[PDB]
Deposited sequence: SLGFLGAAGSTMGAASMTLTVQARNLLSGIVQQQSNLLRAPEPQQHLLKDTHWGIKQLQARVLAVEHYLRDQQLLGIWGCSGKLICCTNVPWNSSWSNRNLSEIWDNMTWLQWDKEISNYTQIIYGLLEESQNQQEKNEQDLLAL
């Protein structure tokens, strides 16, 4: 059950099982304009995240495995430590620095994969 941010503070493992709750809440006088600005902003943020999932090859998925190997330099923790003894807020702070590196790699991998699919289909 819980609620919109109800899993926050739970460990990453447990929190990964409630992903649709947050997914559902996204998108749901000058004071008419204030409301439009709020609506437009919610839409643009939603779409930028969707654009990245599209580019990285995940699209309409909540859990997306990819072909980019994990670097021990981003984090050298054991999996049990990450999934059982940490929350997502703690994790996000720990690897905040490496976010753009990882995102760039996710994009490169997908570009390579789409080209390879095209060539194999032509054969």
(Q) In sequence order, which parts of the deposited sequence are missing C-alpha coordinates? (A) 29-50
